[PDB]
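Quick setup: one chain, the form deposited in one PDB entry, written in structure tokens, and binding and motion questions come after.
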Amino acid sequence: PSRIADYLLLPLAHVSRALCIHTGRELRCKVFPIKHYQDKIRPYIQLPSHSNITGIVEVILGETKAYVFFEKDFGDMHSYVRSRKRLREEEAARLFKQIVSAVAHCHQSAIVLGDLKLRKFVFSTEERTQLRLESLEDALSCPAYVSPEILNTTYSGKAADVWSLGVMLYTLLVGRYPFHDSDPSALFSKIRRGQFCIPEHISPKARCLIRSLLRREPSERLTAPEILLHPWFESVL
């Protein structure tokens, strides 16, 4: 029952529906206190573009509050791979590169994500060819995306994000997590011991990549920029 700037705000059922009063077209809007934006969200706005990595079209800063307007997504990547059992290497490589590129771009602007999951990547279009980051805090089935460093102890974080990328890469190709168990002690021991098995239908270049992203030792893992050069991508695309 409300409005700011170009947009009427309609409920759903902490985000809401934004309808542009000029064009008529529907976006989404999430309000924050201005200082939460300044701290936790303004870093993503500083990205060079920004509107491709995140879905954000414009933000409006008042005296008191920040209104972040973004384009609506067409479902997350966890629901996707779950819905498809697993992904063929051709599509998996397309989608993963976008994921890595977004992450690589963030790392270059000093942003460490920390909360990297398949959940965090959402389709920008109805065709579901193109992903963006879900930057705004909005059976397979932490844990699993959690790395040997944080259990043992400070650490990089950027390397920790590459671990998560490795878990994500394994998971879309394989269809389940690299580490999984009924007993959690066993789960965390297998994390800390870097202990997993790749299937044989997975191809040598693809296996090669997963291995180089999932290393106990953080320094020995690739960086997000390095990842994008790896031959797996070019072998299928």
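From 1 onward, residues are counted along the sequence shown. Here, rigid core means the biggest group of C-alpha atoms that superpose within 1.5 Å across both forms.
Absent from the display: the form deposited in another entry. The rest refers to it.
> At a threshold of 2 angstroms on the CA positions, core aligned, which residue out of 211, 205, 65, 176 shifts between the shown form and the other one?
After core superposition, the single residue displaced by 2 Å or more is 65.
> Core-aligned, is the CA shift for residue 32 between the shown form and the other one 2 angstroms or more?
Residue 32: C-alpha displaced by 2 Å or more between the shown form and the other one.
> Superposing on the rigid core, is the CA of residue 196 displaced by 2 Å or more between the shown form and the other one?
No.
> Quick one: with a 3 Å or larger change, is the residue 109 to residue 34 CA distance smaller or larger in the other form? Answer closer or farther.
It is farther: the C-alpha separation of residue 109 and residue 34 rises by at least 3 Å in the other form.
> Taking the shown form as reference, are the C-alpha positions of residue 63 and residue 110 brought closer or pushed farther apart in the other form, with a change of 3 Å or more?
More distant in the other form, by 3 Å or more.
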